[PDB]
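Data first, discussion second: the structure below is written as C-alpha coordinates.
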Amino acid sequence: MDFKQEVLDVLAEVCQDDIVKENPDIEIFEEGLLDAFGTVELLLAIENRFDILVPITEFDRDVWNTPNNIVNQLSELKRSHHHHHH
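Every position in the sequence shown, counted from 1, becomes a number in the working numbering once 215 is added.
Right, here's the structure in full:
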(Lines of atoms letter the chains of each structure in order from A and count residues from 1; the text may use other names and numbers.)
(Lines give C-alpha, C1' and ligand atoms only; values in the text may rest on other atoms or scores of the structure.)
Protein backbone atom coordinates (compact mmCIF):
# COMPACT_ATOMS: atom_id res chain seq x y z
CA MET A 1 0.00 0.00 0.00
CA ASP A 2 1.26 3.47 -1.01
CA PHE A 3 0.08 5.85 1.72
CA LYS A 4 0.55 9.09 -0.23
CA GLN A 5 -1.24 7.80 -3.31
CA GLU A 6 -4.07 6.38 -1.21
CA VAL A 7 -4.51 9.71 0.63
CA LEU A 8 -4.58 11.55 -2.69
CA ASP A 9 -7.16 9.10 -3.99
CA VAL A 10 -9.40 9.67 -0.96
CA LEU A 11 -9.02 13.43 -1.38
CA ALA A 12 -9.88 13.19 -5.09
CA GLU A 13 -12.93 11.09 -4.22
CA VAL A 14 -14.15 13.65 -1.69
CA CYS A 15 -13.46 16.60 -4.04
CA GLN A 16 -14.90 14.60 -6.95
CA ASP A 17 -11.99 15.89 -9.02
CA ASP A 18 -8.62 14.39 -9.91
CA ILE A 19 -7.20 17.91 -10.29
CA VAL A 20 -5.80 17.29 -6.78
CA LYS A 21 -3.55 14.57 -8.25
CA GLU A 22 -2.56 16.49 -11.36
CA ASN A 23 -1.86 19.71 -9.42
CA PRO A 24 -0.86 18.58 -5.96
CA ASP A 25 0.04 22.13 -4.85
CA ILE A 26 -3.41 23.50 -5.73
CA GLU A 27 -4.96 25.66 -3.01
CA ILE A 28 -7.95 23.52 -2.11
CA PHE A 29 -9.81 26.12 -0.10
CA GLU A 30 -8.89 29.15 -2.24
CA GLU A 31 -10.13 27.27 -5.33
CA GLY A 32 -13.32 26.07 -3.69
CA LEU A 33 -12.49 22.35 -4.06
CA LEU A 34 -13.33 21.53 -0.45
CA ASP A 35 -15.78 23.16 1.96
CA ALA A 36 -16.63 22.45 5.59
CA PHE A 37 -18.89 19.48 4.88
CA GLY A 38 -16.26 18.13 2.48
CA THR A 39 -13.63 18.50 5.20
CA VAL A 40 -15.81 16.45 7.54
CA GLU A 41 -16.26 13.84 4.79
CA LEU A 42 -12.46 13.76 4.26
CA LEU A 43 -11.67 13.27 7.95
CA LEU A 44 -14.33 10.53 8.15
CA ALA A 45 -12.90 8.77 5.09
CA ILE A 46 -9.38 8.98 6.56
CA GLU A 47 -10.68 7.19 9.66
CA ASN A 48 -12.63 4.62 7.62
CA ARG A 49 -9.76 3.91 5.22
CA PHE A 50 -6.68 4.17 7.50
CA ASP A 51 -7.96 4.14 11.11
CA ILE A 52 -6.30 7.57 11.54
CA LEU A 53 -8.53 9.94 13.54
CA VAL A 54 -7.90 13.66 13.19
CA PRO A 55 -10.31 15.75 15.30
CA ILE A 56 -11.76 18.82 13.61
CA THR A 57 -10.01 21.05 16.21
CA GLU A 58 -6.66 19.74 14.89
CA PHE A 59 -7.60 20.71 11.31
CA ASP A 60 -6.43 24.10 10.00
CA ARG A 61 -7.20 25.35 6.49
CA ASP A 62 -3.92 27.26 6.32
CA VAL A 63 -1.88 24.12 7.04
CA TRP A 64 -4.06 21.50 5.31
CA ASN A 65 -4.24 23.75 2.26
CA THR A 66 -2.98 21.67 -0.66
CA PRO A 67 -3.04 17.97 -1.55
CA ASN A 68 0.67 17.63 -0.85
CA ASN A 69 0.38 19.45 2.48
CA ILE A 70 -2.53 17.23 3.52
CA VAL A 71 -0.44 14.16 2.71
CA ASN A 72 2.43 15.61 4.73
CA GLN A 73 0.24 16.38 7.75
CA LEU A 74 -1.31 12.94 7.68
CA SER A 75 2.06 11.25 7.31
CA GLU A 76 3.19 13.02 10.48
CA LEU A 77 0.07 11.87 12.39
CA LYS A 78 -0.07 8.35 10.99
CA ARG A 79 1.31 6.64 14.07
CA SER A 80 0.27 8.99 16.85
CA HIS A 81 -3.36 9.21 15.63
CA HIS A 82 -3.79 5.57 14.52
CA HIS A 83 -6.34 3.57 16.41
CA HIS A 84 -7.26 -0.05 16.36
CA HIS A 85 -10.32 -1.12 18.23
CA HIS A 86 -9.40 -3.98 20.53
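Don't be surprised by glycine CBs; every beta carbon is placed ideally from N, CA and C.
Asked, Found
"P239 versus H297 - alpha carbon distance", "24 Å"
"Bridge partner(s) assigned by DSSP for residue 193", "Because the chain is modelled from 216 through 301, residue 193 falls outside the range shown and cannot be assessed."
"Per DSSP, cross-strand counterpart(s) of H297", "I267"
"Through-space distance from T254 to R264, alpha-carbon basis", "15 Å"
"Touching by the beta-carbon criterion (3+ pairs, under 8 Å), the segment 261–276 and the segment 227–239", "no"
"Spatial neighbours of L258 in its chain, beta-carbon cut-off 6 Å, leaving aside the 5 residues before and after", "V269"
"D250 to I243 span [Cα, whole Å]", "9 Å"
"Best match in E273, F218, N283, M216 for proximity to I241 [C-alpha to C-alpha]", "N283"
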